[PDB]
Amino acid sequence: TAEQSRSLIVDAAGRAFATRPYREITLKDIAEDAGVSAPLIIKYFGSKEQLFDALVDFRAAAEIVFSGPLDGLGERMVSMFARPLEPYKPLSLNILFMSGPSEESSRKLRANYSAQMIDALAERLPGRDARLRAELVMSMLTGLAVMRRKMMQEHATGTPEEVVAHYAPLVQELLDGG
Amino acid sequence: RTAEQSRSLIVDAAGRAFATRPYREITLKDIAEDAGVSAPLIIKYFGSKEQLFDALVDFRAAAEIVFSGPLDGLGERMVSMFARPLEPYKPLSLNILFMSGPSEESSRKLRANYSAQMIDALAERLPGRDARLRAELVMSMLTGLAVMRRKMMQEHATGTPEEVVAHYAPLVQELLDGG
Ligand SMILES: [Mg+2]
Ligand SMILES: [Mg+2]
Ligand SMILES: [Mg+2]
């Protein structure tokens, strides 16, 4: 029912917002990609703007990325960001890149990312400069995914475990503090 | 002023345009308007829109700047450059890439150039095993930092550049030294 359709819609909307300029996207485009009709996107989400708001609520992402103890969190996060996924993931940064002169959509995304992603990590870190360190962790993780998935693509060297071996201890140093 | 200074204005305006709007939505007229020069002047110095684009995505000068000097202390020097609070569309490498899309010719040439001129150029310098991977990870860290601070965070980026160096440069230096 809603479950299978909504997931198809969210999936299509994320792709759309992460790959095309905000100002170009219609609900009809999203519906066509989702294999649904536009009216039931309006039923479940109300408007394009509200659909966008759902896609820039980062609370679920933070629940996935920061799950579990700080011990070994570096390696768990790098594993996830080292997976060779689509060039438009993570959605956070890719939707941001597609904003352009859509200033309100960019503003909402950035405010939510700071509160729901960065601060969610910063709250958990021991020691001094927790906020700065959380920004640096997300710099490393998002920078890795964008570099590998978008800039390098097939040119990317090394397997995910090799990425983890080199990069996770560095992420873990930021998590641990000092 | 001089030819050299007209060229500087054009390159500045062209980089901004290509890093902020889709390739297809960019005209030499608009670049000229932003630069404060005439479009025929852009043609004199660069030949065409495509050739201007090719100049922008030639990363050899960027590599000379970013990888200059001994490997000793290079991490700190590199984090110092990428920690500066520059425009949200810099670095041009990534921002112009974001404006390209579905492995268009523009995108293919940009990526090939970045791989050879940036990644491989750094990798050739590194001691120890897995040099290409380590160069990719260094650039991941540096570009990730600048995009996060300049584009995502903006006014709410935390810390001065020296504070960023203190935490981040030793990590960059570990990858340079051996991984
Ligand atoms: Mg993210
Ligand atoms: Mg770069
Ligand atoms: Mg070597």
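Asks: Explain the interface of chain A and chain B to me, please; I cannot follow it from the model alone.
Replies: Accessible area lost during the coming together of the parts is what is often quoted as the interface size. Between chain A and chain B, the residue contacts involve 42 residues of the former and 44 residues of the latter. With both sides pooled, the region where chain A packs onto chain B buries about 3700 Å², and carbon together with sulfur makes up 69% of that total. Our count for the contact surface shared by chain A and chain B stands at 3 salt bridges. Put simply, the parts of the chain that give the side of chain A that touches chain B at least two residues each are α7 (91-97), α8 (103-122), α9 (130-152) and α10 (160-176) of chain A.

Asks: Mind showing me how you'd approach the pattern of salt bridges here?
Replies: Oppositely charged side chains can pair when the atoms bearing their charge come close. Applying the stated rule across the entire model yields 19 salt bridges over all chains. Between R16 of chain B and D12 of chain B there is a salt bridge; the shortest N-O distance is 3.0 Å. Of this pair, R16 of chain B and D12 of chain B both sit in helix α1 (residues 3-20), 4 residues apart, roughly one helical turn. For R16 of chain B, a relative accessible area of 24% gives the class partly exposed. With a relative accessible area of 38%, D12 of chain B lands in the partly exposed category. Here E33 of chain B makes a salt bridge to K29 of chain B, at a shortest N to O gap of 3.3 Å. With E33 of chain B and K29 of chain B both in helix α2 (residues 28-35), this residue pair falls 4 residues apart, about one helical turn. Residue classification places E33 of chain B among the exposed positions, given a relative accessible area of 52%. When salt bridges that share partners are traced, they join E103 and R110 of chain A together with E155 of chain B into one network.

Asks: Explain the UniProt feature "binding site: Mg(2+)" (unreviewed entry) in chain B here, please?
Replies: Residues and elements named next belong to chain B. The sites that carry the UniProt feature "binding site: Mg(2+)" (unreviewed entry) are, in the present numbering, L126. Tracing the chain through its elements places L126 in the loop between α8 (105-123) and α9 (131-153). Overall, the relative accessible area of 9% leaves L126 in the buried class. Look past the residues within four positions of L126 in its chain and what remains in contact with it is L71, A131, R134, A135 and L176.

Asks: Looking at this structure, I do not really get the packing of helix α6 (residues 73-82) of chain A against α10 of chain A. What am I missing?
Replies: Helix-helix packing: each pair is described by the crossing angle between the helix axes and the interaxial distance. Residues and elements named next belong to chain A. Following both chains from N to C, one finds α6 and α10 inclined at 135 degrees, their axes separated by 7 Å at the closest point. In this view, α6 runs oblique relative to α10, as classed from their interaxial angle. Note on packing geometry: the crossing formed by α6 with α10 is right-handed. Taken together, the residues of α10 that come into contact with α6 (itself represented by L73, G74, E75, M77, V78, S79 and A82) are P160, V163, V164, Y167, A168, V171, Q172 and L175. Residues of the contact of α6 with α10, tallied by class, amount to 11 nonpolar, 3 polar and 1 charged.

Asks: Help me understand the packing of aromatic side chains in this model?
Replies: Each aromatic ring pair is specified by the distance between its two centres and by the angle formed by the two planes. All chains considered together, the criterion is met by 9 aromatic pairs over all chains. Between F59 of chain B and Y114 of chain B, the aromatic rings sit 5.5 Å apart at their centres with planes inclined by 80 degrees, giving edge-to-face as the arrangement. Here the residue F59 of chain B occupies a position in the loop between α4 (49-56) and α5 (60-66), and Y114 of chain B occupies one in helix α8, the gap between them amounting to 55 residues. For the pair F59 of chain B and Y114 of chain B, one class covers both residues: buried. Through a chain of ring-to-ring contacts, three or more aromatic side chains come together here, namely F17, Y22 and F52 of chain A. Taking NZ or CZ as reference, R6 of chain A lies 5.3 Å from the ring centre of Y44 of chain A, over its face. One cation-aromatic arrangement involves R6 of chain A over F45 of chain A; the distance from NZ or CZ to the ring centre is 5.6 Å.

Conventions we followed
- Residues numbered from 1 in each chain as written, not as in the entry; some residues may be left out.
- Chains lettered and ligands numbered in written order.
- Heavy atoms only, no water.
- Contact = heavy atoms within 4.5 Å.
- Buried area = accessible area lost by both parts, 1.4 Å probe.
- Salt bridge = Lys/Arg side-chain N within 4 Å of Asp/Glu carboxyl O.
- Helix = DSSP H or I, 4+ residues; strand = E, 2+ residues; numbered from the N terminus.
- Buried < 20%, exposed > 50% of the residue type's maximum accessible area, 1.4 Å probe, protein only.
- UniProt positions renumbered as here; feature names shortened; annotations may be inferred.
- Axes fitted to C-alpha atoms, helices over the stretch in contact; angles between N-to-C directions.
- Parallel < 35°, antiparallel > 145°, perpendicular 65-115°, else oblique.
- Left-handed = near helix turned anticlockwise from the far one by under 90°.
- Nonpolar A, V, L, I, M, F, W, Y, C, P; charged D, E, K, R; others polar.
- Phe/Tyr/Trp six-rings, centres within 6.5 Å; stacked < 30°, edge-to-face > 60°.
- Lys NZ or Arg CZ within 6 Å of the ring centre and 35° of its normal.

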